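From first to last, the protein sequence lines are chains I, C and B. Numbered per the authors' numbering, the first sequence spans residues 111 to 261. Numbered per the authors' numbering, the second sequence spans residues 111 to 261. Numbered per the authors' numbering, the third sequence spans residues 369 to 414. For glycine and all other residues, C-beta sits at the position ideal for the given N, C-alpha and C.
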Amino acid sequence: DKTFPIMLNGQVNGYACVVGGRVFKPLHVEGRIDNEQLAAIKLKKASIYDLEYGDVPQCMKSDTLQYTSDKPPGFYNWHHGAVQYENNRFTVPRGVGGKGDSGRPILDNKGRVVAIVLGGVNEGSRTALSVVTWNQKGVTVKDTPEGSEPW
Amino acid sequence: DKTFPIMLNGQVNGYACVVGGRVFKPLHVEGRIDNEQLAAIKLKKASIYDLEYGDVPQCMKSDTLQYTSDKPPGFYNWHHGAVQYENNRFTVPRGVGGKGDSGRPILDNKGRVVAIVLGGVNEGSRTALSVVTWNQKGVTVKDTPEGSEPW
Amino acid sequence: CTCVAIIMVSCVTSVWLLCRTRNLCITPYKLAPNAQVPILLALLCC
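Shown next, in the form of structure tokens:
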């Protein structure tokens, strides 16, 4: 797995992570990408999408496995423990999921990155997030609960 | 099983292999076929297809069993070990699948030659190949990943 | 003389194109040796 922080002013401001099929960088924030191999790659950002085009030589291509439909409620391994929910983002503990750690992938226990967080700072006594994943049939759609800011 | 190297200048340059139903010779490369029984057979090559017509007397006809649809990801016995993949050609080890050994059949563990390699020298830190087999309903179609040269 | 020459050359060009198109129509029968489902087209398949 290659999940890389983004270098801004010599400190971490983002967190770039490569995914199956295409290499991914969260283009919501800026900062020089730490990896030198990615340091010479053109940027392809859409109006609302903040994703890097996949231009890694196909030796290390598809570092991960993408995620299909049929979301279970079960455990998804997160950087800070497992997450367990199905209707929307898991009720992450308070304090966790704040700010400054943009671009963190949530993966299945089977190695299938279910979604990519793009904010969702607080959602009450619990907290869900604003993320993007396949819609129902494999459509890269973002869902943003109200009160969502990059985390 | 009758898999035969092709004799060019008295050394192996290709590898002819007979299949169920029809006798097969990879016509991509040249060289006198080692087998004398095949030495007196007319050649039937298409624009992109490099296959020999089946003109062996029907005593040794259908040396193998052809391969149907529903590709499993499981093990297929290859000349250099088993191969395990479903989306495309298996991630063969680096160094293996180079050049000079054109015309090598990949078989099912059940004796069903899933496909015929026609190149695919390198595909990165792993390697897939350019092969031909039934498409979905039994159609002899070739798939060529980018960066494919005869192996 | 000119008319017979031009009509015969037109006809022979047409028949060459006929042969080439026939070759192209032969090409898909690459699937024929595969012993597969009939296609139900202008040519016969058991």
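If you drop the 5 nearest sequence neighbours on each side, which residues of the same chain put their C-beta closer than 6 Å to that of residue i?
i: residue 222 of chain I; result: 175 and 177
i: residue 154 of chain C; result: 163
i: residue 113 of chain C; result: 127
i: residue 193 of chain I; result: 186 and 200
i: residue 151 of chain I; result: 165
i: residue 236 of chain I; result: 201
When burial is assigned at 16 or more other CB atoms within 10 Å of the CB, is residue i buried or exposed?
i: residue 413 of chain B; result: exposed
i: residue 126 of chain C; result: buried
i: residue 205 of chain I; result: exposed
i: residue 375 of chain B; result: exposed
i: residue 409 of chain B; result: exposed
i: residue 90 of chain I; result: Nothing in the structure corresponds to residue 90 of chain I, since chain I is present only between 111 and 261.
i: residue 251 of chain C; result: exposed
i: residue 244 of chain C; result: buried
i: residue 388 of chain B; result: exposed
i: residue 390 of chain B; result: exposed
i: residue 216 of chain I; result: buried
i: residue 383 of chain B; result: exposed
i: residue 133 of chain C; result: buried
i: residue 416 of chain B; result: Nothing about residue 416 of chain B can be reported from this structure: the residues present for chain B run from 369 to 414 only.
i: residue 405 of chain B; result: exposed
i: residue 225 of chain I; result: buried
Excluding the 5 residues flanking residue i on each side, which residues of the same chain have their C-beta closer than 7 Å to its C-beta?
i: residue 261 of chain I; result: 207, 208, 209, 211, 212, 227, 229, 230, 231 and 239
i: residue 233 of chain I; result: 255 and 257
i: residue 124 of chain I; result: 115, 116, 136, 139, 141, 212 and 213
i: residue 172 of chain I; result: 130 and 131
i: residue 246 of chain I; result: 179
i: residue 407 of chain B; result: 413
Could you tell me the boundaries of the beta strand (DSSP E) in which residue i lies?
i: residue 389 of chain B; result: It is not in any beta strand (DSSP E) - residue 389 of chain B instead sits in the alpha helix (DSSP H) that spans 370-394.
i: residue 114 of chain C; result: 113-118
i: residue 158 of chain I; result: Neither: residue 158 of chain I is in no beta strand (DSSP E) and is coded neither H nor E.
i: residue 225 of chain C; result: 223-227
i: residue 217 of chain I; result: 215-217
i: residue 124 of chain C; result: 121-127
i: residue 211 of chain C; result: Premise fails: residue 211 of chain C is in no beta strand (DSSP E) and is neither H nor E.
i: residue 261 of chain I; result: Where residue 261 of chain I is concerned, there is no enclosing beta strand (DSSP E), given that its DSSP letter is neither H nor E.
i: residue 242 of chain C; result: 241-244
i: residue 250 of chain I; result: 250-253
Within 8 Å (strictly less), CB to CB, does residue i reach chain E?
i: residue 399 of chain B; result: Here the protein chains are I, C and B, and chain E is not one of them.
With a threshold of 8 Å on Cβ separation, who are the neighbours of residue i within its own chain once the five nearest residues in sequence on each side are excluded?
i: residue 158 of chain C; result: 252
i: residue 248 of chain C; result: 178 and 179
i: residue 149 of chain C; result: 142 and 143
i: residue 182 of chain I; result: 196
i: residue 397 of chain B; result: 411
i: residue 219 of chain C; result: 184, 185, 186, 187 and 192
Just to check, is the beta-carbon of residue i closer than 7 Å to a non-hydrogen atom of the ligand FMN?
i: residue 145 of chain C; result: You won't find the ligand FMN in this model; it holds no ligand whatsoever.
>> Does the structure place the stretch 160-167 of chain C close enough to the stretch 178-191 of chain C that three or more beta carbon pairs sit under 8 Å?
In response: no
>> So, does the stretch 128-145 of chain I touch the stretch 233-243 of chain I, judging by three or more C-beta pairs under 8 Å?
In response: no
> Residue ranges of each alpha helix (DSSP H) run of no fewer than 4 residues wholly in the stretch 142-194 of chain I, ordered along the chain?
Replying inline: none
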